[PDB]
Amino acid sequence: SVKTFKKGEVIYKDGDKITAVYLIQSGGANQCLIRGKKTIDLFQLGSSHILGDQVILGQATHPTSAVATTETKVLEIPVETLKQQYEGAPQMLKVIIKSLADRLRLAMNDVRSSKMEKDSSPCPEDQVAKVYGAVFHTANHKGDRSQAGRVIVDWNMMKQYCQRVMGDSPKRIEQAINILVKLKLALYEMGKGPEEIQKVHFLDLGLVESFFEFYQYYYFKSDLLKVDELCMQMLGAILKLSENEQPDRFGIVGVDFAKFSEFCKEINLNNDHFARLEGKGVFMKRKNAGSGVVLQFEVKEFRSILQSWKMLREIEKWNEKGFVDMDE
């Protein structure tokens, strides 16, 4: 009997009685604590690991939760089989196994109590700039640059550098670069029984530097770093509307109020939506022409603002959930 779990499926929840013992034959199980919508990662166990062996200690309940990180095939072992095979082991191996499991228990205890002792959140407000900063400088100093504008960095050669020289968890680093690839700002070269990432391609570091400079500028001194979904929806709606208009000499593209008002209804535009938009950074140069009022603006400004807003939105998605989902 082998059990096949799909990616993201719950193998067992914290508190459930151990009905069988799973030997991971392929894939990966994330031992964690599913906490409402947040999922605090504990450990990642690949093949030849045993889940639910706590029954050796006489335990009846799973201490942690486990989630499949990939299609995970495990071998189902009857609990009493493992029980009677441990009870019938030579005395010294019994002592060694009890000691090992007991110490692992204790270590699991401090781990859970520590991971929750501090860091109330994945990506704290005081680490956004810092984190990406790390990424940037790493790719800016140790990356292959002889290509058409993309910077290639060995995955391990970054998991090292960002953790030793920059002081950043490789998990948070991977999640930030995951946000980058989800916004088609970066790419993942993969390969290598198992399949792992070998390199990472950064299409554009400039945007990364712009983002962390902007975040560190507003955060260390806000009403702009709170991304309002309505304002983003409006910014993205007007950006598409102004996509065809001719860029001016100074680069000011206007939009007739008629089409805009209609689009917004796609609720009812008034000056309060304008004011809510103002506090988010985007300013509208209102002008009067024969066609009525036209909302002139610079595209070099509004495009960058929408980008940084998408960045902040993905960071909020990272904080609310605990990780970055790239399937949607």
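Residue numbers run from 1 along the displayed sequence.
- In terms of unmodelled positions of the deposited sequence, the stretch from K221 to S222 in this entry skips 1 to 3 residues.
- Gap between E266 and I267: 1 to 3 deposited residues without coordinates.
- Stretch comparison (25 to 33 versus 284 to 292) by mean CA B-factor in the PDB entry places 284 to 292 on top.
- When the mean C-alpha temperature factors of 80 to 88 and 238 to 246 are read from the deposited coordinates, 238 to 246 comes out higher.
- Each of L183, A107, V95, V255 has a CA temperature factor in the record; the biggest one is found at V255.
- Among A275, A68, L45, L57, the highest C-alpha B-factor in the deposited entry belongs to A275.
- Sorting the modelled residues of the chain by their CA temperature factor places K142 in the middle third.
- For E9, the recorded CA temperature factor ranks within the lowest third of the chain's modelled residues.
- For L230, the recorded CA temperature factor ranks within the highest third of the chain's modelled residues.
- Among the modelled residues of its chain, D102 has a C-alpha B-factor that falls in the lowest third according to the deposited record.
- When the CA B factors of the chain's modelled residues are split into thirds, the value for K118 lands in the highest one.
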